[PDB]
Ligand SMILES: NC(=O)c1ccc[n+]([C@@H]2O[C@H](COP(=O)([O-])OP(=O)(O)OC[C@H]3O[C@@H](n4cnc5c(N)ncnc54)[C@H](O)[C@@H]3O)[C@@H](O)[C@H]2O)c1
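Read the single chain below, which is given as structure tokens and is the form deposited without the ligand.
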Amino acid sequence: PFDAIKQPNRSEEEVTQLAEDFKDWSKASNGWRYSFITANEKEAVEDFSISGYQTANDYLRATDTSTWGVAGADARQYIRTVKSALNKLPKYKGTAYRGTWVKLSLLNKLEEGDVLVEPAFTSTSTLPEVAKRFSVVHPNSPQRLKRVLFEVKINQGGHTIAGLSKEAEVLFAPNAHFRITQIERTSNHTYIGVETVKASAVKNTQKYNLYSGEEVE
């Protein structure tokens, strides 16, 4: 279990080649919907990985955006544009990876079959090396946070943005739902396997907001 995460990182040269291969596959896989992508949509996705996601995801996680002013209006437009673009880009199905910090109080509740809801966009990489990079440092928090590495089985919702762009990046629109399939907690690490699920198909389980820790529904 979680073998891909547990093994040593591959070399920079190998990771770079794998990322190039993925970019090439992504470009080769554009479908008829790609024809309808607009200049603003292309630009928005190109800006996403670099800087766009930081403000967009803060907006999506915010309890209150009264201080945002025109920045809130711009954030809403940007979010709408990226979502529209995603639906015109190739789907990716298979395994991908993400690292994030999760409240210990939430982690202590989680079981197989529970559903995690991400309020922000969800960014994953098909390369575990890349996922490990983005969760090394510990945020300032009054609540204990733990580093979690996710192994994501994607069967819906994920679109590659690597053809327009982080290496081998597969993005989900906000509010993506992920059902827990396996958990490995040791004194040293926490790994969670999840599978993409449709929100409307989620029944008689417990849903949690992955960022706030709060129960959903």
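Residue indices: 1-based, along the sequence shown. Here the rigid core means the biggest group of C-alpha atoms that line up within 1.5 Å when the two forms are laid on top of each other.
ask   = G52: absent from a third or more of the other PDB entries compared?
value = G52: modelled in all of the comparison entries.
inquiry  = Check this for me: in at least a third of the other entries compared, is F36 absent while its neighbours are modelled?
reply    = Negative; every one of those entries includes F36.
Quick check on the record: how many residues from the deposited sequence are absent from the model between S165 and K166 (none, 1 to 3, 4 to 9, 10 or more)? Gap between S165 and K166: 1 to 3 residues without coordinates.
**Asked** Taking only the CA atoms, which stretch has the higher mean B-factor in the record, 60-68 or 174-182?
**Response** The entry gives the higher C-alpha B-factor average to 60-68.
Looking only at CA atoms, which has the higher mean B factor in the entry: 191-199 or 7-15? Comparing 191-199 with 7-15, the higher average CA B-factor belongs to 7-15.
Checking the record values for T81, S125, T122, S135, which has the greatest CA B factor?
Each of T81, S125, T122, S135 was compared by C-alpha B-factor; the highest is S135.
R98, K91, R147, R144, ranked by C-alpha B-factor: the highest one:
Going by the entry's C-alpha B-factors, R144 comes out highest.
- Message: Using the temperature factors of the C-alpha atoms in this entry, rank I161 within its chain: lowest, middle or highest third.
- Response: Tercile = middle for this residue's CA B-factor.
For this session: Please place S51 in the lowest, middle or highest third of its chain by C-alpha B factor as given in the entry.
Result: CA B-factor rank for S51: highest third.
Handout entry: CA B-factor placement of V45, once the chain's modelled residues are sorted into thirds
Key = It belongs to the middle third of the chain when residues are ordered by C-alpha B-factor.
- Task: Please rank the C-alpha B-factors of the chain's modelled residues and tell me whether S26 sits in the lowest, middle or highest third.
- Result: According to the entry, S26 has a C-alpha B-factor in the chain's middle third.
The form deposited with the ligand bound exists for this protein as well; it is not shown, and the discussion that follows is about that form.
* Which among 108-116, 133-141, 81-89, 67-75 is in contact with the ligand in the deposited complex, heavy atoms within 4.5 angstroms? -> Of the stretches listed, the one contacting the partner is 133-141.
- Query: Using heavy atoms and a 4.5 Å limit, would one call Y211 a contact residue for the ligand in the deposited complex?
  - Reply: Yes - in the deposited complex, heavy atoms of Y211 and the ligand come within 4.5 Å of each other.
Please determine whether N175 contacts the ligand in the deposited complex, using a 4.5 Å cut-off between heavy atoms. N175 lies outside the contact set for the ligand.
Would you check, heavy atoms only and a 4.5 Å threshold, whether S49 touches the ligand in the deposited complex? The answer is yes: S49 has a heavy atom within 4.5 Å of the ligand.
Contact test in the deposited complex: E167 vs the ligand, heavy atoms, 4.5 Å
Flag for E167 set to yes.
Which residues from 71-101 come close to the ligand in the deposited complex, meaning a heavy atom within 4.5 Å? Residues within 4.5 Å: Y97, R98, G99, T100, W101.
Pick out the one residue among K109, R80, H138, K93 whose C-alpha shifts by 2 Å or more between this form and the one not shown, once the rigid core is superposed.
Between the two forms, the residue that moves is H138.
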